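Breakdown of the fold
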Amino acid sequence: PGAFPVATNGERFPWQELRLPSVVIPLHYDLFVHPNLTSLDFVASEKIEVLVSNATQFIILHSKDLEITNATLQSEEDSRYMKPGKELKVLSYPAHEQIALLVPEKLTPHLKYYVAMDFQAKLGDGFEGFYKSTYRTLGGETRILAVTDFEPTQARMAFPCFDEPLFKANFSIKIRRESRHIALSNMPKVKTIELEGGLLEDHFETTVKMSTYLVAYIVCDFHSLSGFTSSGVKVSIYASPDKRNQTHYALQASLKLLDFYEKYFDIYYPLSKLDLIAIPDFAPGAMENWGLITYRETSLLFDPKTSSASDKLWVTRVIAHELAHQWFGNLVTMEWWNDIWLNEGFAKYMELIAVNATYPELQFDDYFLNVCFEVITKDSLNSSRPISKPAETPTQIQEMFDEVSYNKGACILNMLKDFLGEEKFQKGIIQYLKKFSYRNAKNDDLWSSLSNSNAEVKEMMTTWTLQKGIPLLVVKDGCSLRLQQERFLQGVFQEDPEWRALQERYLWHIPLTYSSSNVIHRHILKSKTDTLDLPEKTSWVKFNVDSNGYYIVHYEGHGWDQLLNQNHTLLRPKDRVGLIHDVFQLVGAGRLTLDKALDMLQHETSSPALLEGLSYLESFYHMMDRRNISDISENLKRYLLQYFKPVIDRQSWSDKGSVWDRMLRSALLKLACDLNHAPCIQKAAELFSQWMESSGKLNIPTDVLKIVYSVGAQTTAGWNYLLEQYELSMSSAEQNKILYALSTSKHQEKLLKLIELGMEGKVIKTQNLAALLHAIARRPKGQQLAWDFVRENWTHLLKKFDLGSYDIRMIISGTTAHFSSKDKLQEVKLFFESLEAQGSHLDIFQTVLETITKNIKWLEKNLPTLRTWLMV
Amino acid sequence: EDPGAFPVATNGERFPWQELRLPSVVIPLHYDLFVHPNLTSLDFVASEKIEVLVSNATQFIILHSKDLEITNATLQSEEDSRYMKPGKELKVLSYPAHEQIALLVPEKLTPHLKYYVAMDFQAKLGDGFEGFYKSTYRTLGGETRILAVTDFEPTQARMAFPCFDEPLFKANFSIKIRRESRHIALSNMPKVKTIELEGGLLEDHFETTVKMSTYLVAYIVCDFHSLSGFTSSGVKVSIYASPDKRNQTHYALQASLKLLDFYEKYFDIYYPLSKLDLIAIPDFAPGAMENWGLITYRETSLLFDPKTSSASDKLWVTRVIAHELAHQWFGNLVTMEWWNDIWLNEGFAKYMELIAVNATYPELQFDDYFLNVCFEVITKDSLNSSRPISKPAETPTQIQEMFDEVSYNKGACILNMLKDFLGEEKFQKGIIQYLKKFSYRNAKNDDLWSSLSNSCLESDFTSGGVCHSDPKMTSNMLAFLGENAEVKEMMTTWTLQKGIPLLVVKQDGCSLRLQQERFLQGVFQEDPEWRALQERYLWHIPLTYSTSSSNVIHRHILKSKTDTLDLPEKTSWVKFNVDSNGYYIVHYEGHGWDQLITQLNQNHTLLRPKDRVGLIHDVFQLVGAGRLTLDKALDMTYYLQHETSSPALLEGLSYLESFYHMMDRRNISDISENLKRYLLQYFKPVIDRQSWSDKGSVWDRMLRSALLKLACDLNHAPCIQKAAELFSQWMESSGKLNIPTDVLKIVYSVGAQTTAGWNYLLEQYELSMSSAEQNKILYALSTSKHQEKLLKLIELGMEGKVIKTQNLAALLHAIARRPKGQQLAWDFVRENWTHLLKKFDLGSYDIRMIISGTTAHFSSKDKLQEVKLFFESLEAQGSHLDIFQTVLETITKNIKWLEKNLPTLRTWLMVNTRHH
Ligand SMILES: *[C@@H]1O[C@H](CO)[C@@H](O[C@@H]2O[C@H](CO)[C@@H](O[C@@H]3O[C@H](CO[C@H]4O[C@H](CO)[C@@H](O)[C@H](O)[C@@H]4O)[C@@H](O)[C@H](O[C@H]4O[C@H](CO)[C@@H](O)[C@H](O)[C@@H]4O)[C@@H]3O)[C@H](O)[C@H]2NC(C)=O)[C@H](O)[C@H]1NC(C)=O
Ligand SMILES: CC(C)C[C@H](NC(=O)[C@H](Cc1cc(-c2ccccc2)cc(-c2ccccc2)c1)CP(=O)(O)[C@@H](N)CCc1ccccc1)C(N)=O
Ligand SMILES: CC(C)C[C@H](NC(=O)[C@H](Cc1cc(-c2ccccc2)cc(-c2ccccc2)c1)CP(=O)(O)[C@@H](N)CCc1ccccc1)C(N)=O
Ligand SMILES: *[C@@H]1O[C@H](CO)[C@@H](O[C@@H]2O[C@H](CO)[C@@H](O[C@@H]3O[C@H](CO)[C@@H](O)[C@H](O)[C@@H]3O)[C@H](O)[C@H]2NC(C)=O)[C@H](O)[C@H]1NC(C)=O
Ligand SMILES: *[C@@H]1O[C@H](CO)[C@@H](O[C@@H]2O[C@H](CO)[C@@H](O)[C@H](O)[C@H]2NC(C)=O)[C@H](O)[C@H]1NC(C)=O
Ligand SMILES: *[C@@H]1O[C@H](CO)[C@@H](O[C@@H]2O[C@H](CO)[C@@H](O)[C@H](O)[C@H]2NC(C)=O)[C@H](O)[C@H]1NC(C)=O
Ligand SMILES: *[C@@H]1O[C@H](CO)[C@@H](O)[C@H](O)[C@H]1NC(C)=O
């Protein structure tokens, strides 16, 4: 009997596992909220029409930090619980964030009973649940709004509910409010009824079946700009009144993208309205609430006096990602958080399609390669995880929202789009959605639908979704296709006794694909060793075409050395950087050395190739200047300026030209005075002080703003003028760049004053705190200050953030993942074991542990080689 | 004119007038003023049409204008057809050093004809809490809201609209405002009608005012809420506050109805407007401002909340409200001709606080506190740096310097003296005739005395008329006119002679030799500068005196520098200045003082309660005068063991409390420690009778706080442990349990001695919704002992975000008076003088107390040196203030007091510990 947990009233709680029981099933939530924005609290009532199916003496559902005052169980059918119904005993067990409704009788199956509850709480101050946010206006008034953010386990802090994504229901919502506020929610507002006190109550149309984590409601004081999509949907971009000017690109871009998705998926967006609102203190980048999409202001609003081409590119990506979610996640959602990549993998992949086919000017296809690359860094260590993987606690579910779920989800999806061909792919995607509309899909179900566009493909992708890591292609004599696959790793060489893990079951059904002329050959590799015959022999032979496959190519002999250092356009531009990328991880990996590492092309015109390789050189400089040895840094510095002096001088300090043109300019001039190369750092200072002496009158071109501001930080008369003007500005894009601009100063106290105002949270919003730290810790001057500060104020940072939070995740790897010493590796082994003193376990612990360990062993056996490039 | 070499206007261009006063050839009659502020762009746009009457023909009009962009300016007339509609364009000349503009006339204007001058002007909303400025407050939710407020006195109306900014240029004002949906607009007079406009903006029209000086014009744009009620005469009194504070305006409404009703019966003149608005502005520099029909207050001056406001707080709010309402007659109905006679306003409003509060709220017992008003001004009036009540003044900072202890306190005190001389009903009818005979115009000093002199006692309107219609030539009717004239010469001298007279009386058998001299602290009677300052001083002093044998008040005027009276039968003593109603000190020569102290020591109750507080005040002063040894003043404090009149008790107590702080600043710890022990022993009985909750009278409550603060400032372990518990419980209950208001300040101080309590108090400061509680918390934070915490408060006030700048000077003042922060405040001011000047004008009250509050407590020759050198530094840069001299004289007389009396104080204490 008494094998169960104690409740808060000392009674034993009738359920013992974190997943909810399956016997009670909700169908309909009627939901009343009455928030008060001066009292900063709310009162709320709720009726859940839950259909029983098995005998049960107790209903179980979730609730957190809510005071439940009344709880009644009516029934229309089994009329023992007929009107007024009976009053229910309510037990609470917080360690599973669950409550037990103890019925006095026993519920009997196939009947519908109606659970009503009254509940109340204060508006959150943690930027989760139903919480309070502030914003500044043009005159410096601050006004208050009440927002919801629920993904993934936080809706249970706003109303008691069955808070698992499989428990889809309908949700009618009513909200009481003052006359000076508007109320928005998922659906459009049906009617407004004026009441006794001068208050209004807004009723909203019932929703389609959906998960709890998409329910939304806001109370605020915003204006909007509206337009209509071809389909029959009204799109409104809401924001603070003094920023309605900044909403123009978003309504344009939203109209196109939703037009695209409706035809591309061949499913109409099923709501009458879709609204996009720029929440000023917002923790996520944005959030795919059905019909009411919340954005960070820097993610939605675009001011052409203040915003990069890169910032226009960021806004349009996030407004593709979040519209895509309306199908991947809202229409179809994973049955449980283990297959979270079904929403996020597909959303991040759909963004690449949408922007490419809607905004070609922005040139997003050539950029996409980076996202796999970032996940490959993670995926190449043993700390990584399979794309689908069990997940039970809250903070463990929040761990599933990583670059494995987004980037690698998006890239292995990209692989299969190459193999089956976009035609068969798009038909499969449409069959997948239409089948699973308003329901829940498991990891298997997507492929079992995608395959029938071929029972072969299902176990092919089994190798990719259920197994950790990234395969390695070993090719080995004329027509020599002696294929052998491995598990690519890093910091573990064939020499080492650690390397036996390269052999466990690690067998990928890699869909290899090649060319030795302008034609691609396609063939599967389902075994450790298999092979082919070359038709005739050729100069070079390259497999990974455009790196569209999630594997790195290693030619076992005499193939690398050709690379065409004279005519490079023999090999296509994507394969150009594909080869560049592969010829550094192979260096770290253990097979190749660094002498061929710097092999690469001062006459490369595709900037993707140019920036990718040069960004690779940036890392070498920074990693060495961070340990303060100029013996290898100075050679890297003016090497890059002399050799890349033509290109650098060509650029014209203004925001003119095309998008990769404009991005190449700021990227190039970044280094240009991140190096104290006078010709241009001197340039900034006269523009800088022309503007600083103009006092907001001079206009600086877009693509140089972050550079100019950054340059003029060092003079305290500037740094103090930048901080002061930060407060004044009405562009979150502009003030982000200022905030970077103040992280550049090398004054240890000026740096920490920035951090002190973040902790306070009023002048610099708390949403920016982690990024502010992360910027500082990247400079060598502030690198140790940040590391010190986090360890000194840990318990306070943890009171701000949820610890499965992204801010906590970005603060620790932002402060530690750039280390390369054995000194710091033990010191970070401590304080990770110091925080498992408390119940604080995060996989990012090992990912960063192993990441500094791989930084040691890449200096341990690779730097001697690179001192050897002194020129003169 | 002939000579080109005139002042040079700002565009080249010789400027055609060069006095700072305005010319009186053009007379304004009626201003048509349209204002359109915008509270999200923080600027305003305005238009104005002044109906002027020309007296002598000119080629130019001279106006005041400061910091206002004028865009165009026409002239029209309909009596002079040359400027017939649409009139002519005028050249505008700015001379921004006189704050004057000149409008240049194309054809010289004609006498006796009315013209209309029209200008468009614009400016940003002020930032210095003067002119038409921007203010902000915080709501319960944490929102920040903006409002736009005017404050003009004394010469800032010219920063909001061009005008003839001098008090004698009264006019009617017609005011239209334009605003958004979410704001109300208030002005002096009621809103006649609200027209809607295309775009959804509304325009308010207000009824046109009665004649009025410019400095009283007012207008406000905000979103405040109001509670309302009506007086007996049918005035609509409304209390406005930020919306989450409507609660705290109930007591204000209750008192303003009562006080208004009192004023209308007492003056026998109705308040002439239909409504009176009282509004609690959050970021407000002055404290209160008596604009006709729309009176602005500091929240602490107007709002009351019983859970956090003390009884002292309640008394303060009643005083201020009473004070502002008095101004609607004294100052608005009757305005001084020019700022030299500003005491005609502030002296009478100050005095009327006493009459009104005493008449409507006797529970407050404000009559027993009124003596302190006169003591505070005798401090400064007994120095050479003092000034007469009415002195000339010309420049803006020169004008504002006239609002001091002399204009207010001395003015009130000599009025009170005069009232006792003539009797309440004679005095009332003098006032009534004055206010009725100068209604809607101005008056000067001589005008007041002539009306108060010629007052008629209501039986002078009888059948056998003595004042009016047909008098009989009687022998009292020859004494009436002779007595009236005597009263006028006497009052004249009290307003033109600086200083305060010292009447020294030696009792000789049953003769009594009277002498008068100027009273002077610091300087002894045996000083080389002492006959040089007894120059020419001579007062007509209506004296008063009782005896040991007869309690009948005797009254004789001394106009003669020496004179003598004879009594009926030589009694055991005489006591001059009965109830201390006279603006003079009385020194008893020979045996006079011991006879009076001996009386207090056996049966102290035969001396009238005010006689006692007067006697305590009189000898501690005479110690400073060199005429008495500190011996017998301290010997008078024995007898406070029996004293039951808290006024006398508290006077005596505070002299000893200040000696302690004087020692503690100087680190003279053996006396300071002894002073701690004498106070705690000799007043142990009455200290432990005091409750720790606010349960008795207002005096009982005020005495409770007084004594408990003292016992807790002397680290009396029993009282400090009580307060530490109370604080600990309050902190442990999430700042949610209730502390009694009379001991609230003491508890927050004891809590602020730990870094925990200090930090907790500082975060509660930002969150509190009672500005009385915030005041108390800020004091408590300022009692910290760590120099780091004190500096943080100061710099918090410099930035003005969590601590609003309106409190910065009181903050510095608080820090400076306690030993561990005395030095820090001094260094801050000298190292940030240029920085303090950007926020506050040189003549502002804020600058006055920052200076006096950090320096006037110094008592060593070393510190006098630094102060002179700093003051010299300041005046070398062109900053002169009268406060510089006043501080220097105050410092030196402190130094002298230590040198003549610190030995005797140490000696006395030790003698007392040997006896008890
Ligand atoms: C969130 O919470 C805030 C604060 O709790 C609420 O704001 C308050 O709401 C209350 C209730 O509506 C408001 O109080 C009301 O004010 C009205 C206006 O008062 C002025 O005008 C009247 C008429 O001229 C004058 O009599 C009065 O003195 C003021 O000049 C009153 O009319 C209301 O009175 C009603 O209720 C009382 C109850 O005793 C009855 O006796 C009356 O006859 C009448 O029926 C009432 O007092 C208050 O003003 C609000 N505060 C603020 C700061 O605005 C929000 O409503 C709430 N929001 C939500 C969404 O819940
Ligand atoms: C992904 C995590 C961290 C949760 C949350 N993701 C979002 O913001 C995305 C958009 C986004 C993604 C990323 C990103 C992707 C992959 C791997 C690392 C990071 C960075 C940013 C970013 C960059 C700069 C500045 C600010 C943000 C933005 C909206 P989304 O995926 O469409 C919504 N539906 C998911 C909701 C959610 C789930 C669980 C916890 C919190 C929120 C968040 N904190 O970054
Ligand atoms: C005194 C000057 C500078 C203006 C202003 N006086 C007022 O607030 C009075 C009431 C008042 C008076 C005093 C006071 C009296 C005597 C000698 C020194 C000071 C102190 C306070 C006080 C108490 C606590 C906190 C803050 C202030 C209040 C309203 P009032 O007299 O009816 C209106 N006539 C004055 C308008 C004005 C005139 C000239 C310059 C500025 C404003 C002010 N700053 O103290
Ligand atoms: C400017 O303000 C003055 C106040 O200083 C206003 O004076 C007042 O004007 C009204 C109307 O003209 C007078 O009321 C009238 O009095 C006569 C008695 O002769 C009566 O028969 C009328 O029916 C009415 O009651 C009032 O007495 C007068 N007060 C004073 C003190 O002069 C003046 O009207 C204002 N001017 C403008 C243009 O608004
Ligand atoms: C009602 O619930 C009972 C008990 O949970 C169900 O019986 C279970 O059914 C599952 C379904 O797969 C079986 O695996 C188990 O053997 C049964 N018992 C338990 C303890 O799980 C029953 O099927 C449910 N549905 C009805 C009665 O319609
Ligand atoms: C709950 O949501 C479901 C799914 O969105 C609603 O079902 C649709 O109902 C409409 C109107 O009755 C029909 O035209 C569709 O055929 C239904 N779609 C599906 C997939 O069944 C349902 O009506 C909603 N319930 C409530 C009470 O609003
Ligand atoms: C590296 O050298 C610089 C030279 O200024 C020094 O200031 C810095 O502290 C050094 N870094 C470390 C980690 O010792």
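Residues numbered from 1 in each chain as written, not as in the entry; some residues may be left out. Chains lettered and ligands numbered in written order. Heavy atoms only, no water. Residues with missing side-chain atoms left out of burial classes, pairs and counts.

What the entry reports as its method is X-ray crystallography, with 2.70 Å given for the resolution.

**Description of the overall build of chain B**
Summing up its helical and strand segments, chain B has 28 helices and 29 strands in all. Here the C-alpha radius of gyration of chain B, 29 Å, is about what a compact globule of 916 residues would show, namely 29 Å. Overall, chain B is about 95 × 80 × 60 Å in size when its C-alpha atoms are taken along their principal axes. Here the analysis covers contacts within chain B between residues at least 6 apart in sequence; of these, 70% occur between residues at least 24 apart. (Helix = DSSP H or I, 4+ residues; strand = E, 2+ residues; numbered from the N terminus. Rg over C-alpha atoms; globule rule 2.2 N^0.38 Å. Contact = heavy atoms within 4.5 Å.)

**Some remarks on the UniProt feature "active site" in chain B**
Residues and elements named next belong to chain B. Per the UniProt record, the feature "active site" sits at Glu324. Mapped onto the elements of the fold, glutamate 324 is located in helix α3 (residues 311–329). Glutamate 324 sits in the buried class, given a relative accessible area of 4%. Setting aside anything within four residues of it in sequence, one finds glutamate 324 in contact with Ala288, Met289, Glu290, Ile295 and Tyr297. (UniProt positions renumbered as here; feature names shortened; annotations may be inferred. Buried < 20%, exposed > 50% of the residue type's maximum accessible area, 1.4 Å probe, protein only.)

**Observations regarding the state of the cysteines**
Residues and elements named next belong to chain A. Going through the model one piece at a time under the given rule, you end up with three disulfides over all chains. The disulfide that involves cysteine 372 links it to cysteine 411, with 2.0 Å between the sulfurs. One quick way to see it: the torsion about the S-S bond of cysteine 372 and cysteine 411 is about -100°, and its sign makes the bridge left-handed. Of this pair, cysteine 372 sits in helix α5 (residues 369–379) while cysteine 411 sits in helix α7 (residues 403–436), placing them 39 residues apart in sequence. A single burial state applies to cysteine 372 and to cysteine 411, both of which are buried. Each disulfide of chain B joins two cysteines, and with those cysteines numbered along the sequence the arrangement is 1-2, 3-4. (Disulfide = S-S within 2.5 Å.)

**Here's the deal with the side chain of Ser407(B)**
Note on placement: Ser407(B) falls in helix α7 (residues 405–422). Sequence-distant contacts of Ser407(B), that is, excluding residues within four places in its chain, are made with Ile342(B), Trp343(B), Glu346(B), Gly347(B), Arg387(B), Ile389(B) and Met402(B).

**Digging into the pairing of strand β2 (residues 43–54) of chain B**
Taken together, the twelve bridges between strand β1 (residues 26–38) of chain B and β2(B) define a ladder with antiparallel strand orientation. Residue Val35(B) lies in a different strand from β2(B), and its bridge partner there is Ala46(B). (Pairing = 2+ DSSP bridges.)

**As for the domain arrangement of chain A**
All names here are of chain A. As far as domains go, chain A holds domain 1 (1–222), domain 2 (223–469), domain 3 (470–555) and domain 4 (556–872). The gap between the C-alpha centroids of domain 2 and domain 3 is 31 Å. Across the contact, 23 residues belong to domain 2 and 20 residues belong to domain 3. When contributions to the side of domain 2 that touches domain 3 are tallied by element, the ones reaching two or more residues are α5, α7 and α9 (456–465). Broken down by element, the side of domain 2 that touches domain 3 gets its largest block of residues, seven residues, from α7. In the side of domain 2 that touches domain 3, the residues fall into eleven nonpolar, six polar and six charged. (Domains from an automatic or database assignment. Nonpolar A, V, L, I, M, F, W, Y, C, P; charged D, E, K, R; others polar.)

**Some thoughts on the site of ligand 3**
All names here are of chain B. If you check the shell around ligand 3, you find 18 residues, and the closest are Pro286, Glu290, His327, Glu346 and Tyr408. Here an oxygen atom of ligand 3 and a side-chain polar atom of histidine 323 are 3.0 Å apart. Within the side chain of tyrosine 408, one N or O atom sits 2.6 Å away from an oxygen atom of ligand 3. Against a free-state accessible area of 790 Å², the protein chains account for coverage of 82% of ligand 3. (Near = heavy atom within 4 Å. Polar contact = N/O pair within 3.5 Å; in protein donor to acceptor, adjacent residues only side chain to side chain. Areas by Shrake-Rupley, 256 points an atom, 1.4 Å probe, with all protein chains shown as cover.)

**Comments concerning the interface of chain A and chain B**
With twelve residues of chain A at the contact, the number on the chain B side is 13 residues. Approximately 1,100 Å² of surface area, both sides summed, lies buried where chain A meets chain B, with 41% of it carried by carbon and sulfur atoms. For the pair chain A and chain B, the interface holds three salt bridges. As a salt-bridge pair, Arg182(B) and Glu141(A) come within 2.7 Å of each other at their nearest N and O atoms. Linking chain A to chain B there are four residue pairs in polar contact. Looking at side-chain class alone, the side of chain A that touches chain B contains four nonpolar, four polar and four charged residues. (Buried area = accessible area lost by both parts, 1.4 Å probe. Salt bridge = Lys/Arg side-chain N within 4 Å of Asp/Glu carboxyl O.)

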